[PDB]
Each structure stands twice: as structure tokens, then as C-alpha cells.
2 protein chains.
Amino acid sequence: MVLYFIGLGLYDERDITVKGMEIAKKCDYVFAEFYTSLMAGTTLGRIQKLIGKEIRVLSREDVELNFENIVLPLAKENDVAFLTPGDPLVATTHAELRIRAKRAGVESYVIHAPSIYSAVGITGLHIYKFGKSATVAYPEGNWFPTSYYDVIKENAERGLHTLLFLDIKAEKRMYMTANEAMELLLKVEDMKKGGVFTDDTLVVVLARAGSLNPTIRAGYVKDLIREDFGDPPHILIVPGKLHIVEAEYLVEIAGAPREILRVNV
Amino acid sequence: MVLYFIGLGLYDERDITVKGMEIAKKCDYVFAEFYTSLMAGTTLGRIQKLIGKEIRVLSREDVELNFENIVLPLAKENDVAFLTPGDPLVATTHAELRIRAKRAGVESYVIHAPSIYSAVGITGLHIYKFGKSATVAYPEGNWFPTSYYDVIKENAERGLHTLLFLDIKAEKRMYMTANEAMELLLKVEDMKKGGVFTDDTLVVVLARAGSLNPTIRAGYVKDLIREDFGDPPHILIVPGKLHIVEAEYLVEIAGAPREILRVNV
Ligand SMILES: Nc1ncnc2c1ncn2[C@@H]1O[C@H](CSCC[C@H](N)C(=O)O)[C@@H](O)[C@H]1O
């Protein structure tokens with residue numbers, strides 16, 4: 001009669017918390033979703049071996065349309081686990097799955113795990129200075145979305161950092177790179193002429209957060225746009241005016257040019 | 001030859017990530033600090049038992065003034081770990097310690113852990129809608145901090161949620177409750193009179209995130225200001241304009257007034 005929402009963390013099968021691992025191990029049934037994101041540093045087989053359980057993967061449709069027909073029935077008389085990359089309920093639509101559980105007379109509990117929202121602290125940027133967050137989406141057909149650009153403008157206008165999630169095609173395992181995102185942003189700048197993102201804009205790139213060897217780079221677009229940040233996933237950040245302490249960390253830890261100590265502080 | 005910053009998580013010792021546990025288990029020396037936050041569900045003994053190592057707890061002074069004299073010296077000839085609650089680089093100034101490690105010729109790595117910054121997702125509020133964050137600090141003598149009031153104001157004008165970290169005096173064992181935070185906010189409201197925080201302001205309280213049964217409550221200040229949310233730590237949130245799905249969750253899961261379902265578009 002219990003449903004556990006368990007986060008898998010940032011990168012590999014060891015990014016789950018001990019609490020999450022032990023509880024998933026005691027569950028009769030274990031489901032997981034990999035449509036909101038992926039666990040780039042591991043595989044389903046590796047996650048299965050860690051918790052010692054068979055894992056049934058669920059598609060977006062399985063969850064959004066039939067969660068109550070696939071997961072909740074079993075959770076009525078057994079202990080069930082629902083695994084998701086990152087931290088549970090940070091997805092966006094998953095929170096309402098708890099309401100579904102309620103309607104079904106099922107108890108649900110949340111087992112947290114690291115999320116990129118907090119992991120970006122490794123960039124040396126103060127977490128309290130982050131403003132509204134956004135996602136850079138791939139244009140397609142006649143659709144050219146640009147709202148993420150206005151988000152940067154509004155944040156930077158208030159001296160706030162902007163965390164930009166990059167588009168991902170989970171099912172096809174396709175990731176948008178920090179490079180492509182910068183190209184897209186420059187293209188949007190050229191159309192809106194707001195002076196929000198140019199070759200001179202200072203940006204931070206965080207790749208493979210959760211890994212023991214993530215790529216943390218900071219510098220001006222003109223210099224990073226064609227740099228190789230390694231394998232995905234990549235996270236792009238457009239900082240607001242920096243506190244000297246933030247800048248010194250980007251210089252010392254992220255290889256930022258000394259120039260930022262006088263231009264972006 | 002290495003220093004590891006390892007987060008212990010939100011509430012108890014099992015909130016550490018498996019990665020963090022495995023690494024800690026093999027370190028020669030393990031240091032820790034328990035002043036940046038409160039882990040209400042465990043003890044030093046249990047953490048020690050989990051990683052099978054003796055842990056030396058440091059004070060804020062030990063860290064801020066003598067980190068390079070107490071910890072770094074040992075990291076030059078051994079594998080050393082530094083443990084902190086939640087995520088080590090979120091709402092703390094520990095990032096700067098990585099610069100000290102560098103200047104001492106010590107390589108450092110960061111192992112993330114569940115953080116309150118992302119755990120707020122359990123309140124049902126969209127995490128991308130959060131704006132600048134702030135801290136509600138205890139007034140000291142004639143000094144009465146009020147900047148957090150302005151943060152709320154700014155976010156609300158943009159319709160963004162505001163995450164308010166609550167103060168903590170570890171050595172004095174003082175942990176600010178959401179009730180005290182609200183009292184302080186009302187006082188600041190009387191002084192500035194900006195109509196930012198009143199008895200009619202909707203608020204969300206999250207207490208002891210990470211435990212299996214955290215306290216999740218939403219409602220008008222007038223009704224929550226005298227409510228018992230249980231033992232600390234507590235965190236206060238002032239939502240901006242709500243999306244219908246956020247309202248439904250607050251009502252269904254956090255016992256908020258049904259009237260908030262009638263949003264003003
Ligand atoms: N489990 C928990 N539940 C509610 N609030 C919490 C919490 N853990 C931390 N906080 C909040 O955050 C403050 C400490 S700020 C340090 C936060 C830490 N690095 C992290 O990543 O979580 C506390 O005073 C409290 O207001």
C-alpha cells in the first residue's frame with residue numbers, strides 16, 4: 001500500500017542516496033522513467049545490479065496517461081518504487097502523480113537525491129543569486145521558441161544568474177551541447193537585438209555534474225563557442241554581475257580569464 | 001593527496017549518496033561541520049558507523065580561519081574528506097575552500113547530496129519559477145536585517161516564488177522556525193509598508209525535508225503564524241502567482257485553503 005518516489009541523482013548508479021538504494025531493495029516492484037532525462041554515466045543494467053531488482057521502464061505515455069493503471073494497482077497491496085533521474089518532483093509534471101496516488105488510496109513518500117538545481121553550486125556561483133530558470137529548445141519547422149532569451153534578460157537586468165537546461169531527446173538519446181545553445185542564443189540575439197547574449201557575454205558551462213571529473217568552464221562566448229566540453233549532459237549558465245568571490249572561483253577553478261575580475265565584477 | 005567535499009544530505013545519515021559513502025569509507029581522515037545546517041534525524045555516532053571512520057567536527061572558526069592549517073596539511077599526504085549537511089556548496093561559503101586547497105597544491109573533488117534548494121520540489125511548486133533566494137537572519141542588538149523583504153518584493157512583481165532560508169546559531173543551538181520568520185517579516189512590513197508580506201499573504205512551510213514524513217503546509221500567514229510545524233529545520237516560501245497545477249497540489253497535499261484554486265489570470 002506504499003509508493004516511493006526515488007531520485008537516482010545526477011550521473012551514475014552511485015548517485016542514488018543510501019536511503020533510496022535500501023528502500024528500492026525492499027520493494028516488491030520497481031518502476032523507472034527515463035523520458036524527462038537520462039543517467040548518462042551508467043546503464044539500466046548497472047542500476048538494476050546495484051539495487052538487485054528487475055526494473056520496468058515506463059514511457060512518458062505510460063506515466064502521464066496510465067500511471068494509475070500500471071503503477072498504482074500494484075502499490076495497493078505491495079511496496080512499489082518509482083525511480084526518476086535527479087530529485088523527485090523536480091521534473092515538473094510528477095508532483096501531480098502524488099495526487100493520483102491519493103485519489104487511489106495509496107500512500108506515497110519522497111526519497112530525495114541531488115539535482116542540477118543545487119549541483120550548479122559547484123560552479124562557484126552563489127545559489128541565492130539564481131533567478132528564474134529556463135530551457136533552451138531546438139527550433140523546428142516553423143517554430144522558433146525564444147522565451148529563454150527573455151528570461152536571461154530579466155534575470156541579468158536584476159543582477160541574477162540564469163540556469164539554462166539544454167534540450168534533450170531522451171528517447172533518442174540526443175543531447176544539445178553547450179556549443180549549440182550558444183549558437184542558438186547568438187541567433188536569437190541577432191533577431192531581437194536586445195544586447196543580452198553576444199560574443200562578449202560571460203558564460204559558465206557545467207558538463208557531467210555528479211561525475212568525479214566534471215567539466216567546469218567559464219569564459220566569453222567568442223572563446224567558448226567552439227570549445228570541446230566533453231560528453232553530455234551540458235548545462236549552460238549566463239551569470240549576472242559577479243561578486244568578487246564568485247569571479248575568483250571561476251578564474252581559479254573554472255579557468256576563466258583574469259579579465260572577468262575587472263569586467264564582470 | 002586529495003580532499004573530498006561530501007554532502008551528507010537533508011535529514012539523516014542515509015541521505016548521503018552511495019558515491020559519497022564509498023569514498024568516505026576509504027579516506028584516511030574525515031572532518032565535518034554541522035553549523036551551516038541541521039540534520040534533525042541522525043547523530044554523529046550513526047554517521048560514523050555508516051562510513052566506519054572517526055569524525056572530527058570543526059567549528060565555524062576552525063573552518064573559516066584555519067581550514068588550511070587543520071585540514072589541508074593532512075590532504076597533502078592522505079585521502080581526506082570534509083563532510084557537510086545537505087550539499088556542501090549550497091547556501092554556504094565552502095566553495096572558497098576549494099581555492100585554498102588549490103593554493104596548497106591539494107586536488108579537491110565535490111560529491112553532491114540532496115539539498116533543500118531542490119527538495120522544495122516536494123511542495124508542488126515549479127522549481128523553475130523560483131527567483132532570487134534570501135535568508136531571514138535573527139536581529140542582533142540594534143541591527144535588524146531586512147534585505148530579504150526586498151527580495152520577496154522583487155520576485156513577486158515578476159510573479160516568481162521566493163525561497164527563504166532560515167537562520168541558525170549552531171553553537172547556541174538556535175534554529176529559526178517558520179513562525180519566527182513570519183513574525184519578523186510582519187514587523188518589517190510595518191516599517192516599510194510595501195504590502196509585500198501581510199496576514200493575507202499565502203505561504204508555504206517545509207519542515208524536516210528528507211524525513212519520510214516532512215511537514216508540508218500552505219496557507220495564509222494569519223492562520224499559519226501560530227501553527228506547530230514540528231522540530232526544525234524549517235524553510236519558508238512565499239509563492240508568486242500560482243499555476244493551477246501548483247494550487248491543486250498545495251490544496252491536495254499541503255492542506256491549503258480551497259479558495260486558492262480560483263486563480264486570478
Ligand atoms: N531538511 C530540511 N528541511 C527544511 N529546511 C531545511 C532542511 N535542511 C536545510 N534547511 C534549511 O536551510 C537552512 C541551512 S542553509 C544550508 C543548506 C544546505 N547546503 C543544503 O544544501 O540544504 C536551514 O536553516 C533551513 O532553513
Side-chain angles (χ1 to χ4, degrees), chain A residues 7 9-10 12-22 50 86-96 98-99 102 109-119 121-122 124 126-135 154-155 158 160 163 165 209-210 212-214 245-246 248-249 252-253, chain B residues 7 9-10 12-19 21-22 50 86-91 93 95-96 98-99 102-103 109-119 121-122 124-135 151 154-155 158 160 163 165 209-210 212-214 245-246 248-249 252-253:
Chain A
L10 303 163
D12 57 57
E13 75 292 330
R14 297 197 301 159
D15 294 334
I16 183 174
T17 63
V18 169
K19 177 181 294 167
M21 171 181 79
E22 304 197 322
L50 179 78
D87 193 22
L89 274 61
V90 179
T92 39
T93 65
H94 288 177
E96 66 80 39
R98 298 200 73 203
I99 299 174
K102 178 183 184 179
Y109 300 88
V110 173
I111 313 302
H112 299 282
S115 161
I116 183 64
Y117 274 99
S118 53
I122 197 170
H126 298 316
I127 279 294
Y128 82 89
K129 293 181 65 178
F130 276 78
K132 183 176 181 177
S133 300
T135 303
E154 296 300 293
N155 284 333
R158 300 172 167 66
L160 301 181
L163 172 64
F165 283 83
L212 287 172
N213 299 288
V245 175
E246 294 178 302
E248 300 191 306
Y249 181 106
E252 298 297 324
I253 308 302
Chain B
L10 305 159
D12 59 57
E13 76 286 339
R14 292 199 303 164
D15 288 322
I16 188 174
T17 62
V18 173
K19 180 173 292 165
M21 174 178 76
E22 311 286 41
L50 184 65
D87 183 297
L89 308 186
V90 167
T93 57
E96 179 275 324
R98 300 200 67 192
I99 300 178
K102 182 188 178 186
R103 297 179 181 170
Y109 298 72
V110 177
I111 312 304
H112 299 95
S115 166
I116 190 62
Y117 193 76
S118 74
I122 201 171
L125 299 172
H126 301 324
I127 307 304
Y128 79 90
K129 285 177 62 175
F130 275 75
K132 186 173 184 182
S133 298
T135 298
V151 175
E154 178 191 299
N155 287 333
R158 298 207 288 157
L160 301 176
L163 174 62
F165 290 104
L212 278 63
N213 293 105
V245 67
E246 297 180 306
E248 307 186 304
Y249 184 105
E252 291 285 8
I253 308 301

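Here is the naming used below: chain letters follow the sequence lines, and residue numbers restart at 1 for every chain.
The most heavy-atom pairs under 4.5 Å with chain A, out of B:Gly131, B:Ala134, B:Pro214, B:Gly7, come from B:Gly131. Interface check for chain B: of the options A:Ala91, A:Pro114, A:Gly210, the most heavy-atom pairs under 4.5 Å are formed by A:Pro114. Interface remark: of the candidates B:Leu212, B:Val110, B:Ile122, B:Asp87, B:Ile122 forms the most heavy-atom pairs closer than 4.5 Å to chain A.
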> Do B:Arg103 and A:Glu252 pass the side chain to side chain contact (heavy atoms under 4.5 Å, CB included) test, and can you show the C-alpha distance, the side-chain angles, and the key distance before you say yes or no?
Replying inline: CA-CA 9 Å; B:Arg103 297 179 181 170; A:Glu252 298 297 324; 4.2 Å; yes
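For a residue to count as touching a neighbouring chain, one of its non-hydrogen atoms must lie under 4.5 Å from one of that chain's; by this rule B:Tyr249 touches chain A with backbone and side chain alike. Proximity to chain B is limited to the side chain of A:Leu160, based on heavy atoms less than 4.5 angstrom apart. Residue contact with chain B, scored on non-hydrogen atoms closer than 4.5 Å, involves the side chain of A:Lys102 exclusively. If you measure heavy-atom distances from A:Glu13 to chain B, you find no contacts under 4.5 Å at all. If you measure heavy-atom distances from B:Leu125 to chain A, you find no contacts under 4.5 Å at all.
For the atom pair CZ of A:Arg14 and CE of B:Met21, the computed distance is 9.5 Å after rounding to the nearest 0.5 Å. One distance of note links CG of B:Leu89 with OG of A:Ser118; it measures 10.0 Å at 0.5 Å rounding. For the atom pair NZ (A:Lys129) and NZ (B:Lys132), the distance works out to 8.0 Å, reported to the nearest 0.5 Å.
Checked against B:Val18 for a side-chain contact (heavy atoms from CB on, under 4.5 Å), the options A:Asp12, A:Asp15, A:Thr17, A:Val18 give a single hit: A:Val18.
Residues meeting the side-chain contact (heavy atoms from CB on, under 4.5 Å) test with A:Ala119, sequence neighbours left out: A:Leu10, A:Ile116, A:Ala209, B:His112. Every side-chain contact (heavy atoms from CB on, under 4.5 Å) that A:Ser133 has, sequence neighbours left out, goes to A:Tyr117, A:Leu163, B:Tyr128.
A pairwise comparison of heavy atoms in A:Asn155 and B:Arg158 identifies OD1-NH2, 3.1 Å as the closest pair.
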